[PDB]
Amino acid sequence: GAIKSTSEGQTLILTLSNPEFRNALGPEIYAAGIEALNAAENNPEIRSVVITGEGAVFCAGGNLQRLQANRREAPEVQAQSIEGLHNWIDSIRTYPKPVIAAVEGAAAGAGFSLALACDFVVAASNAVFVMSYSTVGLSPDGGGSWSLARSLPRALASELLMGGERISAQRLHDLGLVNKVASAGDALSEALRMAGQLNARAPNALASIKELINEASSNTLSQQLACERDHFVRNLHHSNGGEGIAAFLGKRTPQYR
């Protein structure tokens, strides 16, 4: 399997491609995705990232034949395959630019976990989100247990994770796990629209905001208020802070670096 990188304006598009296995994740997808993030990281022609599946599907999870094979191997082989995924996930989560998932058809198992790791999600109204791990005797990975257990109450998180129950794009939207529910086939275009609006915001302010959102889950309010203070003062004194305020006061469009 592979990741294909393209660009439209200031947004990197990463396309998961494994047509025979419905864009299944695997050790080479993890390394190419880490690489594509690393290449774009300090490149100012890129201000946001969209992750999307080639064709009619986002990602159906891992490849069940490869898992069945790693079962003949020592445990460390699978542990190592998971560390690659988990590095991908961490790298998305700490990326200093917004990452957006654009989901057509299925986002299943680690596909769903991947979509949950991004900052935003756009899903076709007929997208199928499911933690399929349970259904084949497994527990989740890609941080799917964390993302759902911490975002949702017990009952529903249990249904999704233990039950392996499908949930709709519309219902995810109503809970706040999906941003925008698009027409079948329009998820990528809608994601590029949303990414364009983010591309117009100040890069340092977005980086700061994402960092705050990350730290909130482990800070008390008091600790967060101190972090917020330091970020705020810094961003105000940054040139973008001056451009942002002056542009609003002048009724013009801010031009950020």
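From 1 onward, residues are counted along the sequence shown.
(request) Would you determine, from the values in the PDB entry, which of 123-131 and 70-78 has the greater average C-alpha temperature factor? (result) Taking the mean C-alpha B-factor of 70-78 and of 123-131, the larger value falls to 70-78.
(request) Could you settle it for me: does 148-156 or 82-90 have the higher average Cα B factor in the PDB entry? (result) Of 82-90 and 148-156, the stretch with the higher C-alpha B-factor average is 82-90.
(message) Checking the record values for 105, 98, 143, 176, which has the greatest CA B factor?
(response) Across 105, 98, 143, 176, the entry lists the biggest C-alpha B-factor for 105.
(request) Consider only the C-alpha atoms of the modelled residues in this chain, order them by B-factor as the entry records it, and name the third containing residue 193: lowest, middle or highest. (result) Ranked within chain, residue 193 CA B lands in the highest tercile.
(request) Using the B-factors in the PDB entry, rank residue 28's C-alpha atom against the chain and give the third, lowest, middle or highest. (result) Highest third - that is where residue 28 ends up once the chain's C-alpha B-factors are sorted.
(message) Looking at the temperature factor on the CA atom of residue 187, which third of the chain's modelled residues does it land in?
(response) Its C-alpha B-factor belongs to the middle third of this chain's values.
(request) Taking the chain's C-alpha temperature factors as the reference, tell me which third residue 228 falls into: lowest, middle or highest. (result) Within its chain, residue 228 is a lowest-third residue by C-alpha B-factor, going by the deposited values.
(request) Taking the chain's C-alpha temperature factors as the reference, tell me which third residue 162 falls into: lowest, middle or highest. (result) Within its chain, residue 162 is a highest-third residue by C-alpha B-factor, going by the deposited values.
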